[PDB]
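Given next are two forms of a protein chain, the same chain in both, each as structure tokens and marked structure 1 or structure 2.
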Structure 1
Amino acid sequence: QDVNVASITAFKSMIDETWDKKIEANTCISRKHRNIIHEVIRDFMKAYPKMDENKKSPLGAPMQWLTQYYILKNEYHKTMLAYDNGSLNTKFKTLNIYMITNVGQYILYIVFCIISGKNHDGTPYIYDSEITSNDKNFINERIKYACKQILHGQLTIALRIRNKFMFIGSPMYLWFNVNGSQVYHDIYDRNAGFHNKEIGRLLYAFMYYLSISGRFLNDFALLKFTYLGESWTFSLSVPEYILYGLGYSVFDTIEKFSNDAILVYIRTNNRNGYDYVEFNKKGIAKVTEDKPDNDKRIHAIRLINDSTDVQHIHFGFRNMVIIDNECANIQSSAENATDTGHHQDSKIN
């Protein structure tokens, strides 16, 4: 198995640093820490990336990331939970959504749940004896439940603490047959407090975009991402909170279905701006620059064409499509997206 110990080391250091850091009103997860989280989830997936032929889902659900049968033999899972004589597992066992007040608690709880295949209620996403089931009624619903609980749990914290910007996404494989509009309306129609402009703004932005742009756009797809067989399509600009939230990388397989220009932002630069790679033609868009370190790495795409609904153009505005590293200045809607700062940026090609 391909086990990237580097992201386990970085994750451990992040939790040590932030364990007793109180979540205040504007507290957010830094670029470095977001990239560590992102790496951890992707490395977890890569260690045991496919189901076994004798134990697979006839619905095509990716059980290798959803069941104890696979996760307990995933060497990345095992190495992470055993790291430092199991000290993160010891801390993890003290946590639940209702008592979390600190950054490191929040990150450890959300991420260890995901890379253990556990809901916040402690149930596994899917049961082992259900791997081979063709009953879509409970297979699809279990995954909707798991996806919604990742996001709603975080909104429950944000509302209790009155925090604006903490955010970890539900990774792309947990959207198996999940309707984004229903997720959004289910959660927001049921809790008026989540609508407060000072509560859960990146969670809101992530779910809102997914409520208006479905996973598979068929003939309207302009872009397609694939990581370990999990695909996703887009026809708008793709903000960093989407790529970070879903666990996609600008180094994954990216296919263009139109001749529209895209600006693929990949790293911060040394003049307070960002460096991007431009692609134009149909076909595979391959970033061949070195992968930036966690301090500097960005994942974001601005799509340029003449047919985007005016109400959706703001997703590509510079200071919305990339998450501000100064927490209080993060943008999350058309009412505060701005498009200044381009002087500081550079086309790499």
Structure 2
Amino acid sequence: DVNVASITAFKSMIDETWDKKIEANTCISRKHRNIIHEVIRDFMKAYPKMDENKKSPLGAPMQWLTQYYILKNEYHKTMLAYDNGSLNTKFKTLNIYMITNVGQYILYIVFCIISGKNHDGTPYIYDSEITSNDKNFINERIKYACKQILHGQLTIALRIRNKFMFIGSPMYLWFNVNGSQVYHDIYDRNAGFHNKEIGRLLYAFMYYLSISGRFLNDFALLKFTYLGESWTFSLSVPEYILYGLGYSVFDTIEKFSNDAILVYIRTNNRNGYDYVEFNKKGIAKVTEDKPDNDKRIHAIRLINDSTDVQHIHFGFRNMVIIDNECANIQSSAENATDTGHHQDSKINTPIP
């Protein structure tokens, strides 16, 4: 299953943005984020499982991490061959240190991910490591890969002095990864990344994952699954988390309580957002049409009464959804606001 639509859309995005200089507030638009999100998800879907004769006994998702699988992934092959190979040729000119333009940033980060390559050129996992039963060894390699996607983007942000460019590390790259360790490994060692005008969506993504681990066990209130990769939540779930991890509100969503959730799915005609509400335990299935890339949203406001006041702002309207006006994107409790609801319509391990 090769979704060529996302390939075509990706190529056109790169054409539009190739020569667009990254400035202080520059961010990736809703449309472009949604294209990026589709590309990573469509890459995964094209070769979604390991082969029985070349399988990790740990259950590490080597189909998305190794050349053995990626080189036979038909989405990867079609993407790298598209338009006479033009995107692959562009990609090979790039590295972290020279990137200055939006389309260079997007192409480099994305093509590294869907090629299974670290920024230093090494594969995330070597083919000879696929079958390893050494959990600590494999865990360390995946943690490195996950961190370097984010660290490389922070290095770019600090050099250019940019606030809002952001592509996440997809969920499969968090195999046994401790989000508090990722956060502290990076932030404890570079004071420049703390500047409030630098790397704010990267910060928001990592900060949330530093306080809310992937598997919350009995504290989990929600669970998402895509192609066997699951994640749990007990707070509101900002769009920067769902976009960053590669999850969709059209994925398998399970509720473990009867708290209300508001699942935001699309922009409307009133400078607002449309959402579906769910309350009961079990599967929460959005049956509305999938919006186009220009309009699609992925965000959840969780409503309960035991959420700590220090965490309530993750569900605030203008933080839980990424503003399409780059300069006004919210990224922490200092700037999160919960105003504007009259424009919206109802359609119907770290532990917090």
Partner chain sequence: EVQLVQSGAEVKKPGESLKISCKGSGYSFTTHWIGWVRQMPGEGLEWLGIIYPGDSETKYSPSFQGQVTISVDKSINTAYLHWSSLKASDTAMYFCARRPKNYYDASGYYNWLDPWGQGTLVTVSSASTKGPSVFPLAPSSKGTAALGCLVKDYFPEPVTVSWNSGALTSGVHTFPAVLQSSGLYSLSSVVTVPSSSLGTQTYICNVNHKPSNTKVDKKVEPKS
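Just so we're on the same page, rigid core means the largest C-alpha set that superposes within 1.5 Å between forms. Sequence positions of structure 1, starting at 1, serve as the residue numbers.
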Any idea which of the pair is the form deposited with the partner chain bound? 1
What Cα shift, in Å, does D135 show between the two structures once the core is superposed? 1.6
Shift in Å of the C-alpha at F225 between the two structures after core superposition: 0.1
